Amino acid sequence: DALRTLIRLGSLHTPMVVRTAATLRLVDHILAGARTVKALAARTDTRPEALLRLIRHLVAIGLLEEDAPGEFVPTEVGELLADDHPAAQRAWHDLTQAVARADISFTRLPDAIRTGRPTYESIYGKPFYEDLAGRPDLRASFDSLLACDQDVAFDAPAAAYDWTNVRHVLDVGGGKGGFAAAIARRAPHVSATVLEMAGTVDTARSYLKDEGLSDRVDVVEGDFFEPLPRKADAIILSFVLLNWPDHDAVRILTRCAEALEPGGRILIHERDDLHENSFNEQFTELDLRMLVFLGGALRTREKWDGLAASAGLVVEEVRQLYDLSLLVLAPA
């Protein structure tokens, strides 16, 4: 009934159990033979009696079940925490990796609601990307989480755009380069450049080199708030602007506008929504993460028009493809 539902929604221990079990690679250990609690505790380096208590709640919430007496086995839902599942939900729930670590910022959500400012720095001592610049493991973990998709997640946006009159593509904060590579495979005449931060540029280079695309896709280390390294016919902003508050996003959009060739276009790859369609879990998860990690925000369809106009741009067309959008921006 109504009481049961509210207790479940407000329960902080349940997602922490899911995250703890992910961090211990508990499902992997079961799958690699660790039948009993005794052997599971050995592999995860935990107290048997406490691990049982954890496992009890994992059975209660339907991630593990008991097969034979004392033998715990993942359910269909628990199997998604195997480290080799395509959705990478174990690493995304791993408290040592960048995202689940950043989610501890939600423990201070009232502060963000009162001020509109992110809470990450009050916990970890630096803002999100400064923290990542001083912690190579966090830098690398963040890039690998977002790029867990890379081989196929940019196939759809690359197909949604006519590359016939594109000669060079600049991917501004393009991660490990998977979007650039998707376009390259889709359009052999096109060349590309990825602009990224320290650390990320190295794994982007080796990923692109390992696709056999280093003849087609360059990587430049730099700062997207400074003049861009080069001009281009299509400039990519894929899950970049939501990281930034309005004024920084306009500056980023302004830098991209300065770097368009005649006829060029700015492409935004992001989750958006008509306002009255945005009261959904997918939108809020990303939007509220952006608030507490960085002070960024998801933007409704209506708000893209205004941000575009501040940058001297217009939204020319939107295409729906999670469920993502490709926004095509032209000079106003």
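Numbering starts at 1 and follows the sequence shown. By rigid core we mean the largest C-alpha set that fits within 1.5 Å across both forms.
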item	value
Core-fitted comparison in 6 other deposited structures of this protein, 249-257 vs 70-78, farther C-alphas	70-78
Between 261-269 and 299-307, larger RMS Cα displacement in 6 other deposited structures of this protein after core fit	299-307
Sequence continuity check, residue 321 and residue 322 (deposited residues unmodelled)	4 to 9
Residue range whose averaged C-alpha B-factor is higher in the record, 154-162 or 219-227	154-162
31-39 versus 46-54 - which carries the larger mean C-alpha B factor in the record	31-39
Deposited CA B-factor, highest of 199, 125, 116, 212	212
Out of 111, 261, 121, 103, highest CA B-factor residue	261
Cα B factor band for residue 21 (lowest, middle or highest third within the chain)	lowest
Record-listed C-alpha B factor of residue 78: chain third	lowest
Ranked C-alpha temperature factor of residue 185 among modelled chain residues, by third	highest
Residue 63 - Cα temperature factor, lowest/middle/highest third of chain	lowest
Within-chain third of residue 72 by Cα B-factor, per the entry	highest
